[PDB]
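S.K.: Following this: a sequence and the matching experimental structure.
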Amino acid sequence: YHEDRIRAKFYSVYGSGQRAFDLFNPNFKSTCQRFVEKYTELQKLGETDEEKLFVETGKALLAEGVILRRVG
Amino acid sequence: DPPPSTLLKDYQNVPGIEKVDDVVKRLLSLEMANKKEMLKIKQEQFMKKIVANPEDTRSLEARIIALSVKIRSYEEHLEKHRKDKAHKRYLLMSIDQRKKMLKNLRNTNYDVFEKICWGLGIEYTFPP
Amino acid sequence: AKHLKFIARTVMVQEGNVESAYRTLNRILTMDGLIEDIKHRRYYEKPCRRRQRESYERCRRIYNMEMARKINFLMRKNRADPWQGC
Amino acid sequence: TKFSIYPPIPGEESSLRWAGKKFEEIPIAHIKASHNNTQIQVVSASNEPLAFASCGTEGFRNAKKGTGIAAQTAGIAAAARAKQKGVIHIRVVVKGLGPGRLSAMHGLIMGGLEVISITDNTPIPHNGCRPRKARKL
Amino acid sequence: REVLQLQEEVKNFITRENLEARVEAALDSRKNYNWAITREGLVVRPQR
Amino acid sequence: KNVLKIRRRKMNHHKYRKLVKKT
Amino acid sequence: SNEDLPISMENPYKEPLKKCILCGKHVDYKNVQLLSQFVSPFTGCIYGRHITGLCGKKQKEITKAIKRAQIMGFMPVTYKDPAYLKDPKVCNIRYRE
Amino acid sequence: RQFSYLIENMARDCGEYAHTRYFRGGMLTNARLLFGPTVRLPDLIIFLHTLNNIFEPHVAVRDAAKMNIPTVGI
Amino acid sequence: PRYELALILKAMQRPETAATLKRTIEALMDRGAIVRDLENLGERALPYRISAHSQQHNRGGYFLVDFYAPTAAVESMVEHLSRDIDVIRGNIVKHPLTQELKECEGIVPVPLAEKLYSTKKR
RNA sequence: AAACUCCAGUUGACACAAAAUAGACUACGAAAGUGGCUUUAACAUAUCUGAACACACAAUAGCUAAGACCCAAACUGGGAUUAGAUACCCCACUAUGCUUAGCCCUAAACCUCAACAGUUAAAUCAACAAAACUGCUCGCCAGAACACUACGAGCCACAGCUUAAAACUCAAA
Ligand SMILES: CN[C@@H]1[C@H](O[C@H]2[C@H](O[C@H]3[C@H](O)[C@@H](O)[C@H](NC(=N)N)[C@@H](O)[C@@H]3NC(=N)N)O[C@@H](C)[C@]2(O)C=O)O[C@@H](CO)[C@H](O)[C@H]1O
Ligand code: FES
Ligand SMILES: [K+]
Ligand SMILES: [Mg+2]
Ligand SMILES: [Mg+2]
Ligand SMILES: [Mg+2]
Ligand SMILES: [Mg+2]
Ligand SMILES: [Mg+2]
Ligand SMILES: [Mg+2]
Ligand SMILES: [Mg+2]
Ligand SMILES: [Mg+2]
Ligand SMILES: [Mg+2]
Ligand SMILES: [Mg+2]
Ligand SMILES: [Mg+2]
Ligand SMILES: [Mg+2]
Ligand SMILES: [Mg+2]
Ligand SMILES: [Mg+2]
Ligand SMILES: [Mg+2]
Ligand SMILES: [Mg+2]
């Protein structure tokens, strides 16, 4: 899918976070998926470059309180 | 045999190489190179002398010139290495491959066949 | 002859435990192959026989690696029967 | 410090001493463990023969020399002739994969000698001379 | 580009005039081509 | 596979080479 | 039609191909400190690719360099220079135990 | 084996028959001897697992085709 | 082409070592060489005992001479190094810096061989 | 047992021989074949196919001539075993293996699976082995044995190689 490219980059930069998946719950939204939703939403705005779009998506999650510790 | 001072095929074109040091022109000559750099110049001379368009190297005329330079290379290697059976087969096969090119060139364009035989000194002979 | 002595194939003895030094030295010569090389160099092994032995040793390794790789892969299934009675 | 199995290089200075003598000075016990005999010769650091013993010199004949008891007997005979010249610590240099390869090392210890190192100098060529043809026995 | 780079280097090249001087300079310096590598792929230059 | 066809040729050649050495 | 169908794409989750420790480095015959890392310290025998972990192309560069350094008077043959005994161990081989 | 209990109970619940055990060769192609001449074979076999424990097709798949019994399988 | 002369000189004093290098570098120029540099690897202990010119050497000086010369000058210079009494061992090899290193992308995994035997019930 | 006893062991000096490990790699070359180092020359062909004989190559063994010689080693001699032992086991030594220059032209030279192009569907397919096929071309083969023979021809080959029948005989191989 088109969001697999975004996922591959989110895991590499941050990797699976503390939050654990709940596959039983059909309507479960992971931290990465939430990132993709924001990333996709910002694409509709008109930004045409991944690097700026990716960097801008991270900031929004931080404003909402999401924890995004880098592998650093 | 091009003199050892002759510049390489690649470098000669570059501008500003006419006015440089004598040592820089000696490192770019044929004296500090192998035998395969002198064969690239021999092939260049024949093409200008013979073929109308030297740039095209995939033509039958070009292939004969490129293969005739290898034949001379093998004859110079077999004059010192008489017991080298490997390069004695590469020579005899190359003479048979050139005979097939001269037959196909003599059947299509007899005009260039006379030009190549004169330029390279090949006395075409019919098989027994 | 022309190399320095008492460096190659030399092991020092700890607290007079010669047995451990000899076993270590013999493990260095077997892992490196010297032991088997010296046994095949006593009588000349003709090329054809030496090529038949290398092929036998190479096909034995291939088989032994896969058989071991399957034994380590199926050792997880050596536990007790969970559906005892069905 | 710790204990390494690698011999102390002569040049670089170390602290390992045996009876106040450096590793280089320790005498050497050259063992040639063949298939039908086992010769033992103890030498000093300056290549001076001190003792020589073999299964043949101990009164063994033919196939009794290629046993582990004859090599041990030869070690006791060489560890008793060198102990009278002031030899206690030795460097073992075994040569050969014969039966008396390790049994002679025990015999040297049963004569009052302490082994500080075990060196292997078994002739291995990097293809050189051609061995005799294989046998059908 | 290669010709220009070579033209700069040829100046340093040893010549009969500067042969003796260069020899003395070589006898004062030393070049070490020894460098080890770890399991991570990092070069361990010798501290000399 | 066997060598029952080589053994027939084996003796033929041996007997022929042994006859040429006699004559 | 439908927009949820998958698309033809190369694997994005693919991980970069593994590289040997000497990938991108020049193996010289004068660097005996690097060539002694792949030889046994007791016999001087060259280790294989199942021990060194090197690739085919770099394993033959060490072999060719070791044989050239040995016959030129740069590297020993029957043993490993003691000077390079305290260098990082990169070969997967344990003798003592 | 994991679902052997579940299938047997459902078969009883739905008034039908089950066989989650080792298939003795001949249940179908030799029923006359094993059970009797007047035995009636199944008219429909439902395979919830078409493979055996050695990851190979169940013998009943082929034995039901020889006896022209229609099979259902997951 | 560009070569590299791995030269192992006899352990001598500075005045004698410099006279040998100059005598050796002048022989290359006489054969048509264009010396480029003269690196010193330092004096160390040889890995093994070298016997040259009725002399058993245990130490020597390592010097590298990078140069350019025609193909015919290599064989003539190898006979000049065999007669020099102060040259323990000297070998000429093509400079390793004239050999571009192909870029590598990494190790390619190899899948086990398949379809090696017929799928028949032996 | 014979043999050797100017023998053996340590150390040092010292090859026209042969090339541990790497190589769990799978490369080069037409094949034969090629695995120590360096350097030089250098690895045919922009359709395919194409020869017992043309052209050129071809392991080991072997001939001729001149050198070398560590080791190995047909023959031979000695020792032993054995009913015997022209053998297996032990010892010693030679032709030979090596170099140079010519010749010889063979192999289970067999990956016994021709060269080129292509396919994986259909009847998969006697068996075994290394799954089964298609197109195109060259070469070869038609019961066994006689026969890697005889004759003829050709060949630096003269106890040779290549090519290569028939008669008698069987009802199988
Ligand atoms: C089916 N017949 C088999 C066949 O019998 C054959 C057999 O034929 C034999 C010839 O007479 C003899 O001259 C022939 N002798 C020769 N020197 N050529 C035999 O080789 C031949 N046997 C054979 N080819 N197996 O003997 C004959 C009398 C026979 O009975 C004729 O029918 O061969 C016999 C075995 O030799 C089998 O026992 C028979 O079962
Ligand atoms: S992996 Fe790139 S060189 Fe070894
Ligand atoms: K075969
Ligand atoms: Mg017959
Ligand atoms: Mg070798
Ligand atoms: Mg053809
Ligand atoms: Mg024909
Ligand atoms: Mg033929
Ligand atoms: Mg031949
Ligand atoms: Mg010969
Ligand atoms: Mg001999
Ligand atoms: Mg006899
Ligand atoms: Mg001889
Ligand atoms: Mg073959
Ligand atoms: Mg063909
Ligand atoms: Mg017939
Ligand atoms: Mg024949
Ligand atoms: Mg004939
Ligand atoms: Mg005739």
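M.R.: Yep, it's here. Numbers count the residues shown, from 1 in each chain, chains lettered A, B, ... in the order given. Ligands and ions are numbered 1, 2, ... in the order given.

S.K.: which stretch of helix or strand covers residue D:115?
M.R.: With elements taken from DSSP states H and E, the one containing residue D:115 is strand D:114-120.

S.K.: How about residue B:90?
M.R.: helix B:85-108.

S.K.: Would you mark the buried spots in that helix?
M.R.: Neighbour counts using 16 or more other CB atoms under 10 Å in any protein chain shown place B:90, B:91, B:94, B:98, B:101, B:102, B:105 of helix B:85-108 among the buried residues. To be clear about C-beta, it is placed using only N, CA and C from the backbone, and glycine gets the same treatment.

S.K.: Tell me which strands the strand holding residue D:115 pairs with, and in which orientation.
M.R.: strand C:10-12 (antiparallel), strand D:89-95 (parallel) (DSSP bridges).

S.K.: just checking, residue D:51 is part of a strand?
M.R.: Yes. Under DSSP: H, G, I helix; E, B strand; the rest coil, residue D:51 falls within a strand.

S.K.: about what we covered before: which single one of the buried residues of helix B:85-108 is nearest to chain A?
M.R.: Compare each of the buried residues of helix B:85-108 with chain A using CB to the nearest CB and the shortest gap goes to residue B:90, at 52.9 Å.

S.K.: these two touch, right, the closest one and residue B:77?
M.R.: No. Counting by CB atoms under 8 Å, residue B:90 stays clear of residue B:77, with 9.4 Å between them.

S.K.: picking up where we left off before, can the strands paired with strand D:114-120 go into a markdown table with extra columns for mean neighbour count and distance to residue I:88?
M.R.: Output for the strands paired with strand D:114-120, formatted as a markdown table (neighbours: other CB atoms under 10 Å in any protein chain shown; distance: least, CB to CB, whole Å):
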| stretch | mean neighbour count | distance to residue I:88 |
| --- | --- | --- |
| strand C:10-12 | 23 | 28 |
| strand D:89-95 | 22 | 29 |
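
S.K.: Identify whichever of these lies nearest to ligand 2.
M.R.: Evaluated with CB to the nearest ligand atom, the strands paired with strand D:114-120 place strand C:10-12 nearest to ligand 2, the distance being 33.9 Å.

S.K.: Quick one: distance of that closest one to the chain centre.
M.R.: Average the C-alpha atoms of strand C:10-12, do the same for its chain, and the two points are 21 Å apart (CA atoms, centre = their mean, to the nearest Å).

S.K.: How about residues contacting it?
M.R.: C:21, C:24-25, C:28, D:3-7, D:116-120, G:42 (CB atoms under 8 Å, 6 or more residues apart in numbering or on different chains).

S.K.: cool, stretch C:32-43 as well?
M.R.: For stretch C:32-43, using CB under 8 Å, 6+ apart, the contacting residues are C:26, C:29-30, D:97, D:122, D:124-125, D:131-135, G:40, G:42-43, G:45.

S.K.: Among those residues, name the ones in helices.
M.R.: When the contacts of stretch C:32-43 are checked against helices using DSSP state H, the ones located there are C:26, C:29, C:30.

S.K.: quick one, helices of chain A?
M.R.: Remark: helices of chain A, listed N- to C-terminal, are A:4-13, A:31-45, A:50-64; assignment by DSSP H.

S.K.: From the contact counts, what lies against the first one?
M.R.: Okay, so that is helix A:4-13. The elements that helix A:4-13 packs onto, with contact taken as 3 or more CB pairs under 8 Å, 6 or more residues apart in numbering or on different chains; DSSP states H and E, are helix A:31-45.

S.K.: related to what we said a few turns ago, for ChimeraX, write a command that selects the buried ones of the ones in helices among the contacts of stretch C:32-43.
M.R.: In ChimeraX, the members of the ones in helices among the contacts of stretch C:32-43 classed as buried (16+ other CB under 10 Å) are selected with the following command:
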select /C:26,29
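
S.K.: possible to save the ones in helices among the contacts of stretch C:32-43 as a markdown table with distance to chain B?
M.R.: What follows is these, written out as a markdown table (distance: CB to the nearest CB, whole Å):
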| residue | distance to chain B |
| --- | --- |
| C:26 | 48 |
| C:29 | 43 |
| C:30 | 43 |
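
S.K.: Which secondary structure elements does the helix holding residue B:90 sit against?
M.R.: The contact analysis (3+ CB pairs under 8 Å, 6+ apart) places helix B:85-108 against helix B:60-78, helix B:110-120.

S.K.: what does chain D have sitting close to chain B?
M.R.: By the criterion of CB under 8 Å from any CB of the partner chain, no position of chain D is found lying close to chain B.

S.K.: residues making contact with the lengthiest helix in chain D?
M.R.: Taking DSSP H as the assignment, the helix of chain D that covers the most residues is helix D:68-79. Identification of contacts with helix D:68-79 by CB under 8 Å, 6+ apart yields D:29, D:33, D:38-42, D:51-55, D:57-58, D:60, D:64, D:98-101, D:103-113.

S.K.: quick one, that helix and strand D:89-95 angle?
M.R.: For the pair helix D:68-79 and strand D:89-95, the angle between their directions (axes from the mean of the first three to the mean of the last three CA atoms, to 10 degrees) equals 140 degrees.

S.K.: Show me what counts as buried in helix D:68-79.
M.R.: Using 16+ other CB under 10 Å as the test for burial, helix D:68-79 gives D:68, D:70, D:71, D:72, D:73, D:74, D:75, D:76, D:77, D:78, D:79.

S.K.: List phi and psi for residue D:135.
M.R.: Backbone geometry at residue D:135, expressed as degrees, to the nearest 10, gives phi -110, psi 160.

S.K.: who are the neighbours in contact with the most centrally placed residue in chain C?
M.R.: Taking CA atoms, centre = their mean, the centroid of chain C lies closest to residue C:31, which sits 5.7 Å from it. When contacts are counted by CB under 8 Å, 6+ apart, residue C:31 touches G:93, G:95.

S.K.: picking up where we left off before, ok, and the most crowded of the contacts of stretch C:32-43?
M.R.: Using other CB atoms under 10 Å in any protein chain shown as the contact criterion, the top neighbour count among the contacts of stretch C:32-43 goes to residue G:42, which has 25 neighbours.

S.K.: Residues of chain C that sit close to chain G?
M.R.: Contacts of chain C with chain G, taken as CB under 8 Å from any CB, map to C:3-4, C:7-10, C:24, C:27-29, C:31-34.

S.K.: from those, which is closest to residue A:56?
M.R.: residue C:31 (58.4 Å; CB to CB).

S.K.: now that closest one: how far from residue B:16?
M.R.: Taking CB to CB, to the nearest Å as the measure, residue C:31 falls 62 Å from residue B:16.

S.K.: same thing with residue A:48?
M.R.: 45 Å.

S.K.: ditto for residue I:7
M.R.: Using CB to CB, one gets 37 Å for the distance from residue I:7 to residue B:16.

S.K.: Now do the contacts for residue B:31.
M.R.: Under the criterion of CB under 8 Å, 6+ apart, the neighbours of residue B:31 are B:4, B:5, I:32, I:70.

S.K.: mind redoing it with 6 Å?
M.R.: Listed by CB atoms under 6 Å, 6 or more residues apart in numbering or on different chains, the contact partners of residue B:31 are B:4, I:70.

S.K.: Quick one: neighbours of the closest residue to residue G:55 other than its chain neighbours, just the number.
M.R.: Excluding the flanking residues, the one nearest residue G:55 by CB to CB, 6 or more residues apart in numbering or on different chains is residue G:20, at 4.8 Å. Using other CB under 10 Å, the number of residues around residue G:20 comes to 21.

S.K.: Residue G:20 contacts residue G:57, correct?
M.R.: No. Using CB atoms under 6 Å, residue G:20 is not in contact with residue G:57, being 8.9 Å away.

S.K.: In the chain, which residue is most central in space?
M.R.: Here I'm looking at chain A. Closest-to-mean residue, chain A, CA atoms, centre = their mean: residue A:35 / 2.3 Å.

S.K.: You answered for a different chain; I wanted chain H.
M.R.: For chain H, the residue whose C-alpha lies nearest the mean C-alpha position (CA atoms, centre = their mean) is residue H:19; its distance is 5.3 Å.

S.K.: Just confirm that residue is within a helix.
M.R.: No. Counting by three-state DSSP, residue H:19 is not part of a helix but coil.

S.K.: which residues of chain E fall in strands?
M.R.: Residue ranges of the strands in chain E, as given by DSSP state E, are E:36-37, E:43-44.
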